[PDB]
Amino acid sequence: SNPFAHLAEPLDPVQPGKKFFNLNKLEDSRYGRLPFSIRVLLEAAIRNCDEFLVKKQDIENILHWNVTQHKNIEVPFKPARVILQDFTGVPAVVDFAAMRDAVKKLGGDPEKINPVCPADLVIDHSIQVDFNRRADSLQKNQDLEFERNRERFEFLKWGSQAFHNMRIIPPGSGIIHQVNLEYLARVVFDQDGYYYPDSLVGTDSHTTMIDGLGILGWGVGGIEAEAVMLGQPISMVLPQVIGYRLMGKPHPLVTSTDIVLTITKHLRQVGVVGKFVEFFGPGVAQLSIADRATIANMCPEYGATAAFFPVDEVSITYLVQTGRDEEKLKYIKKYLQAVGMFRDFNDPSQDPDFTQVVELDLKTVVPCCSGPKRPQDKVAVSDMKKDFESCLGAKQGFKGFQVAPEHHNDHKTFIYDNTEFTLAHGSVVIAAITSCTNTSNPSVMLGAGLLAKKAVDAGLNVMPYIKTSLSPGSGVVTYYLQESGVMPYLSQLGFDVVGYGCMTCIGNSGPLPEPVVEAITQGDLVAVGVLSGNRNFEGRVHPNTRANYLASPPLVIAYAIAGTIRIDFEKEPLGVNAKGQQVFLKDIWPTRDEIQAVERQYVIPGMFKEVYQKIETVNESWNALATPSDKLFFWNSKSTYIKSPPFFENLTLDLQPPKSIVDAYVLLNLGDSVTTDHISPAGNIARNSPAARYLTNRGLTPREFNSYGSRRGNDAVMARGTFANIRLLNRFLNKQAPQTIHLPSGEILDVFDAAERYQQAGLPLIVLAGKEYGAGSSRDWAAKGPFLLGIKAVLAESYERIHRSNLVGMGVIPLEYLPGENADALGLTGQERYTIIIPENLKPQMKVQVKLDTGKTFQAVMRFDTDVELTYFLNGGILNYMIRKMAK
């Protein structure tokens, strides 16, 4: 039974059948000092205590957090639900279908492969900015989306019928996280007579955006989410919690976006990988839910697992504003208050006992952007011109473009729409109001509109060759931009709505005008994209922009109007007004107070009701998609999108022990901050690549390639796409190239081709890497890929959280250098042959010996961090383990 059953009591004696586990009846003073993020873990353990998956000791360990956070203690966590998008959602449903095949093969019941919690999937990663700056651009983009992705859509739609508990939010509805915040989020569950906190994992690294609403959620690989949907607890080392104390007031010109870029930079410096961050202090109460969500969104960019803002009265106000049901609201606040999970940030006596506290005085926040090449590279708006011009001549890097000083004032004329324009270094060519990060925030969306109106009335324009776009994460945005009268002015500046999906945020940015591309390449220009996103890594916004700056939506507009980031907005006007002459940014910038009025006036629950009323059913094209009635997927050999994966080939019920990796070759020698984009690119498929050759062989032209993310249900493409990022910096080649050296022959080959040779010869492979290996996107293809290339281990200085978990899930060993040790320090070339000794008895975090064919030996930490992770390793993977459990 549940040992804590006595804690269950009615919330309200008027409705005696609706109960909750009352953590206050624990009568334990440790509870009242817990970070509110830890209280969520505690509750989930108590309600789920069976003495099997979740044990009474587990509850004590979580309660004893203040002590046990230092004792490397694993705990279970069963979240309330799972959220997915289509890029990671396709391979997830392929995994499920493949697991059903495997379970049937072994004589099990394939209906056991079925989500036992709610799964919501939002289709947002497929639409691209094929067209912009026109009224019909949205329809034209929506049409191409469906035309390009029909098979994937029919497949997801079948998935939503063939597996229990799956709701799909169709194309043209907005973006996962914004839809989560405005519609999908429960805050408090009311299931089978028990209230409990909403919590989740999502197959997207920015799932942490939900934490702004006091919902404990974070990103995970699909394989981890798959296990969770099947009832497997998350296994984690009980985390330390950094208290981020906010104080002061932001200046009225400062935006949510300025604040998050400031905090991102701040927390990467601090180092919070493997930890929760939990916000508190007098400064939190002034932040709206949208503001808190902006900050929480960027959790993976600063490294943490969670960035938590507990539920307070501001959260409740957001729920009433977004039109949540009256009945539900009643028990959300009432439940949180009764259980001790309801916050008042204005009461220091209620502040938890965090591991340590770090501080931000919001008055120190200045208007800012981040770039040109990393989310943590904060640049004051006041210093944008200076910093870029410094970048022009600096050695090629995150803060260098390496342009000879003589050319810093280069410019190229070009003709666009029979008018001559001049492009130069720092010219803005992409200006996209994009990303759930910011479009969920009416302060910056209306800010952007009010700036647009001011500018238009002031007689300002955006040059017509500039690829401006507006890509909202829900239709509520457009609705209030129209009601408020600001949308026509956005339209005139070139910010018509182009789609309701990720779009430019994810690199789905579409073509630049031919004459603009010409000038850029012919002139050797550093052309600039400015976007309200959370990621700006070289090449991931557009192939032709060497500089990308994250900035608030109104700044996106400001740089569009100015047409360059090499501008001192204080010193230089934007243009000349036909009457009062000089028009400066200051004159057109809306104040916090002018924004708050329009927001208070135009963002009412009725709009949310209206937008979301028909969300699941309105898409006639979706509704039209025919699906088979099958429960077991009819794999089609003709498909280039959907393919039965080899993962479970010849799977046996019984386990055989792990053997050492013997005389492994190093497939790639990598450096620092290798992103999952480098490991498993998701955008354009290059004409000179293994994946292009495969698709060509199958009779497709480049225009039919689609993106890598779109091909994730086809392991044949995805293996070929592994380490195929054209900006991979393999230290074997000392240059950017998606290649490596096949050492036996000395030949330089595309990475997949080189791996084939090694695999044909029966040779094991490893990867050497530096710090922060696997940063960024949650994509488990950055683990499945290497697994299919024959990679048995990685040896790195440090790992990012989601990536490490995906490696473990695929049975690949994540090895870590000992402190003060790395490739240079050990004198490794990567051209040696590597023996990793696996002992008969394994322990989490154990050190193993690595032996080289040269005689050199050293030690590495084996980063299986919990007993459960070790069982995954012994099983050859997390889904292997789950098939075995379900087959018997």
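Counting begins at 1, following the sequence as shown.
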Which is higher on average in the deposited entry, the C-alpha temperature factors of 675-683 or of 413-421?
-> 413-421
Mean C-alpha temperature factor, higher of 452-460 and 360-368 | 452-460
Using the entry's values, work out which of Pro91, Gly212, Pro628, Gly221 has the largest Cα B factor.
-> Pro628
Among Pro515, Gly243, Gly785, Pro233 - the residue whose C-alpha B-factor is largest in the record | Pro515
Name the third of the chain's ranked CA B-factors that contains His803, choosing lowest, middle or highest.
-> lowest
Cα B factor band for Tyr31 (lowest, middle or highest third within the chain) = middle
For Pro79, return the chain-relative third of its C-alpha B-factor as stated in the PDB record: lowest, middle or highest.
-> lowest
By its CA B factor, does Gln161 count among the lowest, middle or highest third of the modelled residues in the chain?
-> middle
Give the position of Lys112 by CA B-factor within its chain, expressed as the lowest, middle or highest third.
-> middle
